[PDB]
């Protein structure tokens, strides 16, 4: 459970992200796909991309990055009260897309890295720790739903 102070740090940097959702989504997905190529293979839409330049030139990738970060921002703004948001997400990611929990850890790392690069003054160690806690809480709650579903 995050304290109110920790949530404030999370949502303060997130409000900076929402000034350029699409650019953040690109940076995050590209970092993820380069650092963990097994994640790219899960996307029929994107697995044809073979270079960073190709990834940066893909409008469809940019569109999906907006979808991902919009869903994540809606989760974070619930400050842990996100049960309704996680239900369809866990269902599709466990049973249709077949995404291991570990891959959620990978994208969490990419998120933290991009936020540190783009917002250093609002992403010192205090905010890094709080964002890590928020993304861990998300993963914990998704993992419990995965376990229910046998995945």
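Residue numbers count along the first chain shown, from 1.
Regarding 55-63 and 41-49, which shows the higher C-alpha temperature factor on average in the entry? It is 41-49 that shows the higher mean C-alpha B-factor.
Test of understanding: from the entry's C-alpha B-factors, which stretch has the higher mean, 124-132 or 15-23? Going by the record's values, the stretch with the higher mean is 15-23.
Among 93, 119, 87, 31, where is the Cα B factor highest in this entry? 87 has the highest C-alpha B-factor of those listed.
Ranked against its chain, the third holding the CA B-factor of residue 108: As the PDB entry reports it, the C-alpha B-factor of residue 108 lands in the lowest third of its chain.
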